[PDB]
């Protein structure tokens, strides 16, 4: 029988050292590998092309996503970059979501201005906006679900089938939920990618990406382009990332416990105008998220009553929510997308996406529920004292 996803993450590279029988995999930093006499390349030759420590992480994320293999890039942006270079050429069109990560928006828009591809920026949750984008015969559709930072939910089965009907490949950015909470390849997607910086690593001490292809042929094309462009990651970073992955299933139980308790505090608290969290029955996308996700996750964002003064008072004095970029760490974080995560967007693209100036995003960590709730209650008082 096969093991579960949780077993496979915990045991990736365990007892797989033929040299010494090390239980925990050795770090192979070596740039280079000997040939076995003249003309006899071993399995590995050069670390930019292939490295065994990085391949343990690739093979582990491929097992977790149900793919034919994985490529580990220096950054998550690099994983998106790898997919655009492998799949697209001038004259091909790309469809992307309106409310994707601001750095995704930045790369799509910079590479389209150069004419590497034509860009259609669409709302993939509105059937009309989708059908108009697919009727332009795109080579590639990118889905980001749940979306950063408003947690809009796109219907994987629906969009993937509609993309296949017009001959488009699909790629899903699965960063916000990780493989442990969403498996886009199960619904027929061709590619899934991550910022490993987030949950997969879990300790905010690695920036990395991953791409997993369903098909062996498309995996080989990603290996070729990652080598030729020089986008592959450092073995040290793969080592820490693999170490991280071993606690992903354990981390996520505590994250989701904390996130449910915090959603219940923020939803119809008098100082809170709107919570965006797919776990609330009132959230547009809740029933989709409960169907295509194994849990509702631990990212959420919210709008305070009381304009900019309430935001400043809420944020200044948080002891357990560090005001910082990134997400998916064991440590709780808060960000202000307008000035931080989505500062790379124009004011116009933020307004089209529906990211206000008052929006705060929480990355809820694995600290004790009680300490996070006290911290958030004190912020809600500092905000109220602003009226």
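Numbering follows the first chain given and starts at 1.
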- Assert higher mean C-alpha B factor (77-85 or 159-167, deposited values) equals 159-167
- Message: Please compare 196-204 with 264-272 and name the stretch with the higher mean C-alpha B-factor in the deposited structure.
- Response: 264-272
- Task: From the list 286, 243, 114, 255, select the residue with the highest C-alpha B factor recorded in the entry.
- Result: 114
- Looking at 133, 172, 223, 299, which has the highest Cα B-factor in the entry? 133
- Task: Comparing against every modelled residue in the chain, figure out the third that the C-alpha B-factor of residue 250 lands in (lowest, middle or highest).
- Result: lowest
- Split the chain's modelled residues into thirds by Cα B-factor; residue 237 lands in the lowest
- CA B-factor ranking of residue 46, expressed as a third of its chain: lowest
- Please place residue 125 in the lowest, middle or highest third of its chain by C-alpha B factor as given in the entry. highest
- Taking the C-alpha B-factors as the PDB entry records them, is residue 40 in the lowest, middle or highest third of its chain? highest
